[PDB]
2 protein chains.
Amino acid sequence: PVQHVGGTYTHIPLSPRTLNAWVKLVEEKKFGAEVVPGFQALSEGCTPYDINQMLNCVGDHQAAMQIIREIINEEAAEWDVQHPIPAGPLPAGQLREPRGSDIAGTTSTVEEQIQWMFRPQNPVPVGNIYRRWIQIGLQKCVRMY
Amino acid sequence: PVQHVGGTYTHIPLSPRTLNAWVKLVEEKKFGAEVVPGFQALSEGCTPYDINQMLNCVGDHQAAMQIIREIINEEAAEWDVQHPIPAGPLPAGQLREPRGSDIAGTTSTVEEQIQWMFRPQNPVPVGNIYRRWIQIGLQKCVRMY
């Protein structure tokens with residue numbers, strides 16, 4: 001999550017209580033139907049950095065990471081297909097529009113993620129887009145497990 | 001739940017995201033299959049006070065609340081019958097053994113609940129015994145809804 005203190009938006013991590021709650025939620029029936037709303041509530045206000053921490057937390061469930069990974073690449077490829085990258089201009093020292101991999105938090109830092117989410121000039125809610133990609137992945141975990 | 005810092009055992013509330021997760025879980029299929037797994041998992045480590053915080057969140061489902069009330073009542077009564085307590089509640093100074101409603105958090109404080117759970121000479125798992133009564137209620141709500 002993110003918090004504003006003196007014209008400065010800053011990262012605050014998910015508390016251990018919450019990460020711990022999510023792990024429990026997941027291990028309870030092993031991707032039971034409950035993980036989907038559970039995840040939507042526990043990831044409210046999150047940056048991609050924070051969602052990747054949530055997933056790292058259950059990473060010993062390799063079979064679900066793989067289902068989730070597959071959809072992330074599926075949705076990130078689609079994203080790139082629907083967000084070309086325009087032929088400049090873009091000024092050295094100025095932050096790129098995000099690609100499907102910046103949204104997933106693979107090629108971007110938490111700080112860049114906060115800059116897209118809260119910039120006044122067409123923010124891009126990268127954390128909320130990513131959550132949509134994970135949800136679909138979670139829904140598949142539930143149907144294939 | 002309970003944090004152990006400084007040889008003194010202290011209440012740590014459920015994180016707000018945990019509580020919202022509970023609600024989403026409940027309101028997802030209106031007391032659907034998930035609430036029981038969801039309950040078990042998110043209620044881990046709680047005092048009855050916390051279990052009651054969870055319940056106050058979904059308090060506007062009076063119908064399920066009522067089903068839960070019957071159960072707590074059935075169970076709190078059999079607790080009292082199976083722990084006679086002699087004529088006539090003397091008492092003393094040292095904290096009373098829990099009655100059916102100290103377990104339900106009605107006639108007790110979190111400090112008192114933490115006191116039963118952690119005292120070294122015969123602890124009493126009040127949070128968990130109470131979890132057990134809320135699951136039977138929830139199991140009933142799923143059957144009844």
# chains A, B, ... in the order shown; residues from 1 in each chain; ligands from 1
>>> select_by_dssp(residues="region 5-83 of chain B", states="helix (DSSP H, G or I)", output="MDAnalysis selection string")
chainID B and resid 16:26 35:42 48:57 62:81
>>> write_last_selection(atoms="N, CA and C atoms", output="short mmCIF file (atom, residue, chain, number, x, y, z; two decimals), in the first residue's frame")
data_model
loop_
_atom_site.label_atom_id
_atom_site.label_comp_id
_atom_site.auth_asym_id
_atom_site.auth_seq_id
_atom_site.Cartn_x
_atom_site.Cartn_y
_atom_site.Cartn_z
N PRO B 16 -7.49 -4.39 9.27
CA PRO B 16 -8.72 -4.06 8.54
C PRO B 16 -8.99 -4.86 7.24
N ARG B 17 -7.92 -5.26 6.53
CA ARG B 17 -8.03 -6.02 5.28
C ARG B 17 -8.50 -7.44 5.57
N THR B 18 -8.02 -7.97 6.69
CA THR B 18 -8.48 -9.26 7.16
C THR B 18 -10.00 -9.14 7.33
N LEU B 19 -10.49 -8.15 8.09
CA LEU B 19 -11.95 -8.02 8.34
C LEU B 19 -12.76 -7.84 7.07
N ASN B 20 -12.33 -6.97 6.16
CA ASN B 20 -13.00 -6.86 4.87
C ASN B 20 -13.01 -8.16 4.08
N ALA B 21 -12.01 -9.01 4.29
CA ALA B 21 -11.92 -10.25 3.58
C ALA B 21 -13.03 -11.10 4.08
N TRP B 22 -13.20 -11.13 5.39
CA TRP B 22 -14.29 -11.89 5.99
C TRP B 22 -15.62 -11.50 5.34
N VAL B 23 -15.93 -10.21 5.36
CA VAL B 23 -17.17 -9.70 4.74
C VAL B 23 -17.33 -10.16 3.30
N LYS B 24 -16.30 -10.04 2.47
CA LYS B 24 -16.43 -10.38 1.05
C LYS B 24 -16.75 -11.85 0.91
N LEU B 25 -16.13 -12.63 1.78
CA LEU B 25 -16.26 -14.04 1.87
C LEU B 25 -17.71 -14.35 2.18
N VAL B 26 -18.24 -13.75 3.25
CA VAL B 26 -19.65 -13.91 3.60
C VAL B 26 -20.59 -13.50 2.46
N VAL B 35 -17.79 -19.71 3.50
CA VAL B 35 -17.74 -19.03 4.82
C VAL B 35 -17.10 -19.84 5.94
N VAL B 36 -17.21 -21.16 5.86
CA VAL B 36 -16.72 -22.03 6.91
C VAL B 36 -15.19 -22.12 6.80
N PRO B 37 -14.65 -22.59 5.65
CA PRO B 37 -13.20 -22.48 5.42
C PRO B 37 -12.66 -21.09 5.68
N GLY B 38 -13.38 -20.07 5.21
CA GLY B 38 -12.99 -18.68 5.34
C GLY B 38 -12.93 -18.29 6.79
N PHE B 39 -14.02 -18.54 7.51
CA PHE B 39 -13.98 -18.40 8.97
C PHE B 39 -12.78 -19.08 9.64
N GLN B 40 -12.67 -20.41 9.53
CA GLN B 40 -11.56 -21.13 10.17
C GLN B 40 -10.27 -20.35 10.07
N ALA B 41 -9.97 -19.89 8.85
CA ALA B 41 -8.64 -19.44 8.44
C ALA B 41 -8.33 -18.06 8.96
N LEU B 42 -9.32 -17.18 8.83
CA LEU B 42 -9.17 -15.79 9.20
C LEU B 42 -9.37 -15.57 10.67
N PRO B 48 -12.04 -14.36 21.74
CA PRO B 48 -13.48 -14.20 21.46
C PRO B 48 -13.85 -12.79 21.07
N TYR B 49 -13.08 -11.82 21.56
CA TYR B 49 -13.34 -10.43 21.27
C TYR B 49 -13.17 -10.22 19.79
N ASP B 50 -12.09 -10.77 19.24
CA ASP B 50 -11.84 -10.67 17.81
C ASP B 50 -12.91 -11.42 17.03
N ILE B 51 -13.26 -12.63 17.49
CA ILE B 51 -14.32 -13.40 16.81
C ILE B 51 -15.60 -12.55 16.74
N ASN B 52 -15.94 -11.90 17.86
CA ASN B 52 -17.05 -10.94 17.87
C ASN B 52 -16.88 -9.70 16.96
N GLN B 53 -15.66 -9.21 16.77
CA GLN B 53 -15.42 -8.13 15.80
C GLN B 53 -15.79 -8.60 14.39
N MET B 54 -15.41 -9.83 14.06
CA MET B 54 -15.72 -10.44 12.77
C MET B 54 -17.21 -10.48 12.59
N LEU B 55 -17.92 -10.82 13.67
CA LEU B 55 -19.37 -10.99 13.64
C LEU B 55 -20.10 -9.66 13.53
N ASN B 56 -19.71 -8.67 14.33
CA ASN B 56 -20.22 -7.33 14.16
C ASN B 56 -20.10 -6.77 12.72
N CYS B 57 -19.16 -7.27 11.92
CA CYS B 57 -19.01 -6.83 10.52
C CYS B 57 -20.10 -7.28 9.59
N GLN B 62 -29.05 -10.37 9.76
CA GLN B 62 -29.72 -10.72 11.01
C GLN B 62 -30.12 -12.19 11.05
N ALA B 63 -30.49 -12.73 9.89
CA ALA B 63 -31.00 -14.08 9.81
C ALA B 63 -29.94 -15.07 10.25
N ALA B 64 -28.74 -14.94 9.68
CA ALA B 64 -27.61 -15.77 10.04
C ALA B 64 -27.16 -15.45 11.47
N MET B 65 -27.15 -14.17 11.84
CA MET B 65 -26.84 -13.77 13.20
C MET B 65 -27.71 -14.51 14.21
N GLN B 66 -28.98 -14.70 13.88
CA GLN B 66 -29.95 -15.31 14.77
C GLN B 66 -29.63 -16.80 14.90
N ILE B 67 -29.50 -17.50 13.78
CA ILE B 67 -28.99 -18.87 13.78
C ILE B 67 -27.72 -19.02 14.64
N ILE B 68 -26.80 -18.06 14.53
CA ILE B 68 -25.56 -18.12 15.30
C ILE B 68 -25.88 -17.91 16.78
N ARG B 69 -26.83 -17.02 17.07
CA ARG B 69 -27.21 -16.74 18.44
C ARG B 69 -27.78 -18.00 19.09
N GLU B 70 -28.60 -18.76 18.36
CA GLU B 70 -29.19 -19.91 18.99
C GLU B 70 -28.08 -20.83 19.43
N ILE B 71 -27.11 -21.02 18.55
CA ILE B 71 -26.04 -21.96 18.78
C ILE B 71 -25.20 -21.55 19.99
N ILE B 72 -24.60 -20.35 19.95
CA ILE B 72 -23.89 -19.81 21.10
C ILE B 72 -24.68 -20.07 22.39
N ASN B 73 -25.98 -19.81 22.35
CA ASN B 73 -26.81 -20.10 23.50
C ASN B 73 -26.86 -21.59 23.84
N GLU B 74 -27.24 -22.46 22.91
CA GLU B 74 -27.17 -23.89 23.18
C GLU B 74 -25.85 -24.30 23.81
N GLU B 75 -24.75 -23.78 23.28
CA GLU B 75 -23.44 -24.26 23.67
C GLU B 75 -23.00 -23.66 24.98
N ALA B 76 -23.31 -22.38 25.19
CA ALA B 76 -22.90 -21.70 26.41
C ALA B 76 -23.63 -22.30 27.60
N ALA B 77 -24.81 -22.84 27.36
CA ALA B 77 -25.56 -23.46 28.44
C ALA B 77 -24.93 -24.80 28.85
N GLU B 78 -24.53 -25.61 27.87
CA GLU B 78 -23.98 -26.93 28.16
C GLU B 78 -22.59 -26.83 28.76
N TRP B 79 -21.87 -25.76 28.41
CA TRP B 79 -20.63 -25.43 29.08
C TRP B 79 -20.85 -25.23 30.59
N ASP B 80 -21.94 -24.54 30.93
CA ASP B 80 -22.18 -24.16 32.31
C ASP B 80 -22.62 -25.33 33.13
N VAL B 81 -23.33 -26.24 32.47
CA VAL B 81 -23.84 -27.44 33.11
C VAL B 81 -22.70 -28.42 33.35
#
>>> residues_around(residues="residue 142 (chain A)", least_positions_apart="3", cutoff="8 Å", atoms="only C-alpha atoms", output="list in words")
residues 31, 32, 33, 138, 139 and 145 of chain A
>>> closest_residue(among="B:107, B:135, B:47, B:115", to="residue 94 (chain B)", atoms="only C-alpha atoms")
B:115
>>> select_by_dssp(residues="chain B", states="strand (DSSP E or B)", output="MDAnalysis selection string")
chainID B and resid 2:4 9:11
>>> write_last_selection(atoms="C-alpha atoms", output="JSON list (two decimals), in the first residue's frame")
[["chain", "number", "residue", "atom", "x", "y", "z"],
["B", 2, "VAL", "CA", -2.44, -11.91, 20.77],
["B", 3, "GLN", "CA", 1.06, -10.40, 20.62],
["B", 4, "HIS", "CA", 3.66, -11.51, 23.17],
["B", 9, "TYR", "CA", 0.50, -10.72, 26.51],
["B", 10, "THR", "CA", -1.41, -8.07, 24.61],
["B", 11, "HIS", "CA", -4.26, -7.76, 22.13]]
>>> atom_distance(atom1="CA of residue 95 (chain A)", atom2="CA of residue 116 (chain A)")
8.8 Å
>>> atom_distance(atom1="CA of residue 113 (chain B)", atom2="CA of residue 126 (chain B)")
6.5 Å
>>> atom_distance(atom1="CA of residue 1 (chain A)", atom2="CA of residue 82 (chain A)")
27.2 Å
>>> closest_residue(among="A:121, A:27, A:130, A:8", to="residue 101 (chain A)", atoms="only C-alpha atoms")
A:130
>>> closest_residue(among="A:123, A:45, A:105, A:93", to="chain B", atoms="only C-alpha atoms")
A:45
>>> closest_residue(among="A:29, A:131, A:140, A:119", to="chain B", atoms="only C-alpha atoms")
A:29
